[PDB]
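Colleague: Here's my sequence, what's the structure:
(one chain, ligands or ions: 2)
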Amino acid sequence: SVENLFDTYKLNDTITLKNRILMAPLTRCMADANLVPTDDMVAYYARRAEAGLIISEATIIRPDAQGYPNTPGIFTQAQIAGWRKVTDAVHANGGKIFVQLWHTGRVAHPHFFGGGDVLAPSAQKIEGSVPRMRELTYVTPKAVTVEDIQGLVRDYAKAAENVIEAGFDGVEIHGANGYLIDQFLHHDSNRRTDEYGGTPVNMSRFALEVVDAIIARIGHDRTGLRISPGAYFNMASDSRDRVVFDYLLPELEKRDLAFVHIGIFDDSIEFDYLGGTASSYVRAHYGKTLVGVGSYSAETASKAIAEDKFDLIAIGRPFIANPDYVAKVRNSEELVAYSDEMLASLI
Ligand SMILES: Cc1cc2c(cc1C)N(C[C@H](O)[C@H](O)[C@H](O)COP(=O)(O)O)c1[nH]c(=O)[nH]c(=O)c1N2
Ligand SMILES: CCCCCCCCCCCCCCCCCC
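Modeller: Residues are numbered from 1 along each chain as shown. Ligands and ions are numbered 1, 2, ... in the order given. Please see the structure below:
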């Protein structure tokens, strides 16, 4: 029995979720040429509104954040209007939705933004090329200056303001999966020797500045953060990364965020450097609402939550394969297994 998945969950004084099931953020690359959410996207999100909370696909804060085709933005008025259709539809269907705010850092590609500079903490290129594209090899980033950083913080904050204009319930800051914020938090990507590198406090500085700027614009109750203490996507591991997160997590707790959310694909994986699974590491160092994710069935998620491993469960691939995931779980119906083939279709 997975009855606990359908508990009401009070995130905070502003937001109460009707159940513990979140739709995980899932890039689909289906926005229009202007990076505006389409009416097909509106329908896609609207039909998943039985989720306690939807986290949107990663949404770029400005043009030089783009690293994949057709990923929506929220920096133009047209994008705001397109997103307003999405949020209105979700709300009309009895749901709630946060936008996931994205900058890809060294994983951006200049093909998407007129040949400009790719930005990152340090000039450390990742291997390979953009997936599902013809020969877009990743490039050596420019190490951002402190002035670049100030502009990036500003643009995260402005994006957050725009999110509220677009009618979202809040923001999940994308601090995970090897993208810009995560790049500051790991030694592979952050080789800086200024106030944004070297020490745990310094490496955490960018993440905390973005969090604080966004809170100052839209409020802590409407601000969550996704993190990846375990390196796994476009990120080489480093035994020293753990102490950065040892510092970051208590600092994050001071901000009384709506939630912290793990970024991983299979949370049953144990990380040597974390002394166990990603969620268990975070749970041991962070005492507020935690969203678990990664290869959980409704059954294993229910048990984890019962055992106080985390509080909310994000579901990704099964929500792609089953738009009616929540109803099927509620009624013990057969779930279709996800296959990569399903990404071609937006249903
Ligand atoms: C096609 C696709 C696209 C995305 C993802 C995954 C997949 C499959 N994931 C990761 C996702 O949120 C989740 O962490 C994983 O899918 C693992 O959870 P499940 O096992 O699928 O429930 C992801 N994560 C994120 O923070 N922002 C994103 O935009 C995406 N994009
Ligand atoms: C990101 C959207 C969909 C991507 C499909 C490809 C898979 C990306 C995630 C990889 C998961 C396993 C990575 C290997 C980890 C090594 C270190 C633990």
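
Colleague: Quick check: residues of this protein near ligand 2?
Modeller: Applying C-beta under 6 Å from any ligand atom, we find that the chain lies next to ligand 2 at 27, 232-233, 265. Every residue, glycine included, has its C-beta placed from N, CA and C.

Colleague: Check those residues and tell me the two furthest apart.
Modeller: Farthest apart among these by C-beta to C-beta are 27 and 232. That separation is 16.3 Å.

Colleague: just checking, residue 119 touches residue 105?
Modeller: Yes - the pair formed by residue 119 and residue 105 meets the contact definition of C-beta atoms under 8 Å, at 6.3 Å.

Colleague: of the two, who's got more company?
Modeller: Using other C-beta atoms under 10 Å, the more surrounded residue of residue 119 and residue 105 is residue 105, with 26 against 23.

Colleague: residues contacting that one?
Modeller: In this structure, residue 105 makes contact with 118-121, 141, 179-183, 189, judged by C-beta atoms under 8 Å, 6 or more residues apart in numbering.

Colleague: So for it, what's the nearest residue that isn't a sequence neighbour?
Modeller: Among residues not flanking residue 105 along the chain, residue 180 sits closest, at 3.3 Å (C-beta to C-beta, 6 or more residues apart in numbering).

Colleague: before we move on, what about residue 245?
Modeller: Excluding its sequence neighbours, the residue lying closest to residue 245 (C-beta to C-beta, 6+ apart) is residue 229, at 4.4 Å.

Colleague: and the closest residue to ligand 1 within the chain, how far is that from residue 144?
Modeller: The nearest approach of the chain to ligand 1 comes at residue 316, 2.7 Å away (C-beta to the nearest ligand atom). Distance, residue 316 to residue 144, by C-beta to C-beta, to the nearest Å: 30 Å.

Colleague: quick one: which of those two has more around it?
Modeller: The neighbour comparison of residue 316 against residue 144 (other C-beta under 10 Å) goes to residue 144, with 23 against 19.

Colleague: which residues touch the spatially closest residue to the more buried one that is not a sequence neighbour?
Modeller: With C-beta to C-beta, 6+ apart as the criterion, residue 144 has its nearest non-adjacent residue at 5.1 Å, and that residue is residue 119. Going by C-beta under 8 Å, 6+ apart, residue 119 touches 64, 105-106, 108, 141-142, 144, 148, 152, 180.

Colleague: so which of those residues also contact ligand 1?
Modeller: Cross-checking these against ligand 1 (C-beta under 6 Å from any ligand atom) gives no overlapping residues.

Colleague: Can you say which of the residues you listed are buried?
Modeller: Among these, those buried by neighbour count (16 or more other C-beta atoms under 10 Å) are 64, 105-106, 108, 141, 144, 152, 180.
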